[PDB]
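Residues per chain, in single letters:
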Amino acid sequence: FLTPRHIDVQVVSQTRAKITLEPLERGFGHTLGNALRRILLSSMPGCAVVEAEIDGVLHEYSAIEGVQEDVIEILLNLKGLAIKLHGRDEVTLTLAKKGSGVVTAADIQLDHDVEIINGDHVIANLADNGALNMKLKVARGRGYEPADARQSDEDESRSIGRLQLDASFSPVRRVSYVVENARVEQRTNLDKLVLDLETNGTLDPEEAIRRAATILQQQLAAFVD
Amino acid sequence: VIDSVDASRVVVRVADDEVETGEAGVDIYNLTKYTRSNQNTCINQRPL
């Protein structure tokens, strides 16, 4: 009998953001709260580094000269990046730095459609006797996918040159919902939802509820037809 | 005092107190890379 209209988005921080949709009917508050929690963690649009190609190393196990951290530790730091793709689905990024200076997420060349959220995220430590240069390639996916499942874009010749990573992108980390009480002066059984959303910054919390609404409506439409 | 830190090797200086007459600062520490152990496990050393 009641429908949520004109929800409120209380942004308290860049990562943590709480939302209070609307005071719903009793019984449907706790039902929609647990239903929306499993949607934000199952399938959400995200972007991460799929593969990284270095023109100075053959495989990911052997280390290089000039970098303090190992190559394996470098590939483990690229997973923590938060790259937002507005228009393009797959883009190629570059990175190159020479000298005694640490490299961060801001060292990547800027683009008109590529926006990196974090800038203080370190990658590796450099020195004066060595330098690094590599090419990054990100893509848009839905859920977790290992490197052995997405076996595509290969010609039996890029084995020693190209290095693949483990795509584990997840824009949502923590979801918490409680049942509060509200007054509308129409009925006595009113309750609202307070979703404690924890997004890494790849997507806006306002669009997270809209993207989680069209997927639930598409699953419930099978019962009507 | 450490002179230069690298993933392959690390070098350190020698203090003037506990040093000899000639060739005071000589310290070459070669860190081992990913080699095969006796149980088919990996072993490596990372500078800290």
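Residues numbered from 1 in each chain as written, not as in the entry; some residues may be left out. Chains lettered and ligands numbered in written order. Part of a larger assembly, values for the part shown. Heavy atoms only, no water. Residues with missing side-chain atoms left out of burial classes, pairs and counts.

- In the PDB header, cryo-EM is given as the technique by which the entry was determined, and 3.86 Å as its resolution.

## Thoughts on the overall build of chain B
So, point 1. Looking only at helices and strands, one finds 0 helices and 5 strands in chain B.
So, point 2. When the helices and strands of chain B are read in sequence order from the N terminus, they spell out β-β-β-β-β.
So, point 3. The dimensions of chain B, computed from C-alpha atoms along their principal axes, are 45 × 20 × 15 Å.
So, point 4. Residue pairs at least 24 apart in sequence account for 11% of intrachain contacts in chain B once pairs closer than 6 positions are excluded. (Helix = DSSP H or I, 4+ residues; strand = E, 2+ residues; numbered from the N terminus. Contact = heavy atoms within 4.5 Å.)

## Regarding the overall build of chain A
So, point 1. Looking only at helices and strands, chain A has 3 helices and 12 strands in total.
So, point 2. Relative to its length of 225 residues, chain A is extended, with a C-alpha radius of gyration of 22 Å against a globular reference of 17 Å.
So, point 3. Referenced to the eigenvectors of the C-alpha coordinate spread, the extents of chain A come out at roughly 75 × 40 × 30 Å. (Rg over C-alpha atoms; globule rule 2.2 N^0.38 Å.)

## A few points about the pairing of strand β2 (residues 16–25) of chain A
Residue and element names in this part refer to chain A.
So, point 1. Here 3 bridges tie strand β1 (residues 8–10) to β2, and the two strands are oriented antiparallel to one another. The residue bridging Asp 8 from the neighbouring strand is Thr 20, located in β2.
So, point 2. Alignment of β2 against strand β12 (residues 190–199), held across 8 bridges, turns out to be antiparallel. Following the sheet pairing, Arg 16 is matched in β12 by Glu 198. (Pairing = 2+ DSSP bridges.)

## Some points on the environment of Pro 205 of chain A
Residues and elements named next belong to chain A.
So, point 1. Position of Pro 205 among the secondary structure elements: in helix α3 (residues 205–224).
So, point 2. When its relative accessible area of 13% is taken as the criterion, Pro 205 is described as buried.
So, point 3. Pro 205 has contacts with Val 9, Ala 17 and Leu 197, leaving out every residue within four places of it along the chain. (Buried < 20%, exposed > 50% of the residue type's maximum accessible area, 1.4 Å probe, protein only.)

## Looking at the interface of chain A and chain B
So, point 1. Across the boundary between the two partners, chain A contributes 11 residues, which contact 8 residues of chain B.
So, point 2. Summed over both partners, the interface of chain A with chain B buries about 730 Å², with 49% contributed by carbon and sulfur atoms.
So, point 3. The tally of links from chain A across to chain B stands at 2 salt bridges.
So, point 4. Between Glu 73 of chain A and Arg 46 of chain B there is a salt bridge, with the nearest N and O atoms lying 3.4 Å from each other. (Buried area = accessible area lost by both parts, 1.4 Å probe. Salt bridge = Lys/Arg side-chain N within 4 Å of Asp/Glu carboxyl O.)

## A word on the pairing of strand β2 (residues 9–12) of chain B
Residues and elements named next belong to chain B.
So, point 1. In this sheet, β2 lies alongside strand β1 (residues 2–5) in antiparallel orientation, the contact comprising 3 bridges. Residue pairing in the sheet places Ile 2 in a bridge with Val 12 of β2.
So, point 2. Once β1 ends, the chain turns through 3 residues before running back antiparallel as β2.
So, point 3. Here 3 bridges tie β2 to strand β3 (residues 28–30), and the two strands are oriented antiparallel to one another.

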